[PDB]
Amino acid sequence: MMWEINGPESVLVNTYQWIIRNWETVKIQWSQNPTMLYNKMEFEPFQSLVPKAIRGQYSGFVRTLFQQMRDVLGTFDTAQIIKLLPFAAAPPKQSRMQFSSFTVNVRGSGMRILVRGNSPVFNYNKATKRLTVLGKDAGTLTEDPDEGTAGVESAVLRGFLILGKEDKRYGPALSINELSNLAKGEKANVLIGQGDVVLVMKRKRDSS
């Protein structure tokens, strides 16, 4: 698509706008054949905006984060998928980091989309169902019938489930790096980002 022709902000907001226009059908291909969802032309414009270095490392993170949501029924999150969907276009690459952000190149440095929650580049509110990018209204989501309500977030960490807010019972917040230490099923409080400590739990079953 020609969104490229009026450049960067136009790829951002047109990508998200397209996504929620086509959501009905995008959501179904996400489940039935996502390699081919991620291989759609309508995403090539967006991939241009992500540094050619981490680009594919991200896509790996994200492809993994999405299989986790597929595998962990009960956790479906419509916003979180739309938000990350662009980043899975780049061809994947093993990385072992837990990205809290993704950089979109905008003016000459560009902005950062959070994995967890909101950014001027991507702004959803929940009781009003309305998406806002760079100030622009990008449409509005309608959420799934089995939209998760358990407070469990399967698409923020690469082998963990966020389970709720800080639980004192489980110790002072760890750092993200220390999460490799933990064992299956093991629950800790982490520093996720912003001022946020969340209770998480190393997942008890394997990746795929």
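Note that residue numbering follows the sequence shown and begins at 1.
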{"query": "Between the two ranges 35 to 43 and 59 to 67, the one averaging a larger CA B factor in the entry", "finding": "35 to 43"}
{"query": "159 to 167 or 50 to 58, whichever carries the higher mean Cα B-factor", "finding": "50 to 58"}
{"query": "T25, C-alpha B-factor rank within chain (lowest, middle or highest third)", "finding": "lowest"}
{"query": "Chain-wide C-alpha B factor ranking for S154, given as lowest, middle or highest third", "finding": "lowest"}
{"query": "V11 CA temperature factor, ranked by third within the chain", "finding": "highest"}
{"query": "Assigned third (lowest, middle, highest) for the C-alpha B factor of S109", "finding": "highest"}
{"query": "Cα B factor band for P86 (lowest, middle or highest third within the chain)", "finding": "lowest"}
